[PDB]
> 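Below is one structure. I have some questions about it.
Whatever order the structure lists ligands and atoms in, that order sets their numbers, starting from 1. Residues take their numbers from the sequence shown, with the count starting at 1. Only heavy atoms go into these numbers, but all of them, side chains included; no hydrogens, no water, no symmetry mates.
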Amino acid sequence: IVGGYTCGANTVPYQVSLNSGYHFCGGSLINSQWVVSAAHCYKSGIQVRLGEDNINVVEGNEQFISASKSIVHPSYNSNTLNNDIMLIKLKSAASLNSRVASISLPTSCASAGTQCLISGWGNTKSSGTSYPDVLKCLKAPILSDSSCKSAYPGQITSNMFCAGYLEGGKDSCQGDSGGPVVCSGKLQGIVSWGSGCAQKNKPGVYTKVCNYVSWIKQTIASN
Ligand SMILES: NCCc1c[nH]c2ccccc12
Ligand SMILES: [Ca+2]
């Protein structure tokens, strides 16, 4: 997260870190046994880390739980990043508490102008590299479909939205991939892609979770 703020320990209790020997992606806990992330975060040997603030220090609220199964969206296209969503089942259920909590799926798609909270442990710089150890937050609005399409001609599908600032300076970035965009206490987006980070006229692009609720619910019901 470029241009964000330190969230504060366990203020974003649905935020997960996906760990393969190191943090590589974010995710959201949607019930005690399931995580949603980006399909571009897929790899084998995932440990889900819940209750994290500092990802390099054991602080006391963590739960570390191996993935048993990963399900990439059947229509994920790695070239276009259309359908950039995946589900991860935990080997055992998480213990839910005030610091580890699931985030609701949306009943409705959020409109342009809605203010959302984006969070992650990604890069905090738009050029060069500085990775924070503690969770970073950004408040950002959903942009109009027309702004988003103007910024990324020919690249925006009905399964994507833009959020952030056309002036630049504030965005998700490398390592934030798969993390949540939460609006009005519902998961609306997943950190998916962009042209660099925090560039002028190049806002972040997010997976539009409201299009995937039936797939998520039917997949969880049968796995
Ligand atoms: N808005 C940030 C999108 C993002 C995801 N993964 C990245 C890797 C490099 C640069 C940007 C990104
Ligand atoms: Ca920790």
> Have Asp84 and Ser192 got a donor and an acceptor in their side chains that come within less than 3.5 Å?
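Yes, because at least one side-chain N or O of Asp84 sits under 3.5 Å from a partner of the opposite role on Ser192.
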> Is the positively charged end of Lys136 above the ring of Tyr5, judged by distance under 6.0 angstrom from the centroid and angle within 45° of the axis?
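Output no; distance or angle outside limits.
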> Testing the 3.5 Å rule here: is there a donor-acceptor pair between the side chains of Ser102 and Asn31?
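There is no such pair between these side chains.
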> Does one side chain, of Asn223 or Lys69, offer a donor that lies under 3.5 Å from an acceptor on the other?
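Checked: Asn223/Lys69 side chains pair up, N/O donor to acceptor below 3.5 Å.
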> Closer than 4.0 Å to some heavy atom of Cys173 - which atoms of ligand 1 meet that?
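Taking each heavy atom of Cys173 in turn, ligand 1 has 2 (C) under 4.0 Å.
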> To the nearest 0.1 Å, how far is atom 10 (C) of ligand 1 from its closest protein heavy atom, and which atom is that?
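Among all protein heavy atoms, the one nearest atom 10 (C) of ligand 1 is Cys197 SG, 3.8 Å.
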> Does any N or O atom in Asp171 lie less than 3.5 angstrom from one in ligand 1, N or O only?
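Indeed, backbone or side chain, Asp171 has an N or O that close.
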> Using a strict 4.0 Å cut-off to heavy atoms of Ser192, name the atoms of ligand 1 that fall inside it.
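Every atom of ligand 1 under 4.0 Å from some heavy atom of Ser192: 5 (C).
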> Decide whether an N or O pair under 3.5 Å exists between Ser177 and ligand 1.
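Yes - when backbone and side-chain N and O of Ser177 are compared with those of ligand 1, one distance drops under 3.5 Å.
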> Considering heavy atoms of the protein only, find what lies nearest to atom 3 (C) of ligand 1 and give residue, atom and distance to 0.1 Å.
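Its nearest protein heavy-atom neighbour is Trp193 C, 3.4 Å.
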> Which protein N, O or S atoms does the Ca ion (ligand 2) have within a distance shorter than 3.0 Å?
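As for protein N, O or S atoms lying under 3.0 Å from the Ca ion (ligand 2), they are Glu52 OE1, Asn54 O, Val57 O, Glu62 OE2.
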> Would you name the heavy atoms of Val35 and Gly27 that are closest together and state the gap between them?
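So the two residues come closest at CG1-CA, 4.2 Å.
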> Decide whether a cation-pi geometry holds between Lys208 and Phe161; the criteria are a distance under 6.0 Å from NZ or CZ to the six-membered ring centre and an angle within 45° of the ring axis.
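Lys208 over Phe161 ring: no.
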> Closest approach of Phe64 and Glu52, non-hydrogen atoms and distance?
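It is CE2-OE2, 3.5 Å.
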> Using heavy-atom distances only, which candidate in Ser172, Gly164, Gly194 approaches atom 2 (C) of ligand 1 most closely?
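Minimum heavy-atom distance to atom 2 (C) of ligand 1 goes to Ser172.
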> Of the listed options (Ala38, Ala198, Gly196), which comes nearest to atom 11 (C) of ligand 1 when hydrogens are ignored and any heavy atom counts?
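When every heavy atom of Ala38, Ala198, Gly196 is considered, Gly196 comes closest to atom 11 (C) of ligand 1.
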> Kindly state each residue pair satisfying ring pair (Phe, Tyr, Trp, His ring centres under 6.0 Å) with at least one member in residues 82-140, sequence neighbours excluded.
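Those involving residues 82-140 are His23-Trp121.
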> Got the closest protein heavy atom to atom 9 (C) of ligand 1, with its distance?
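Result for atom 9 (C) of ligand 1: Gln174 CB, 3.8 Å.
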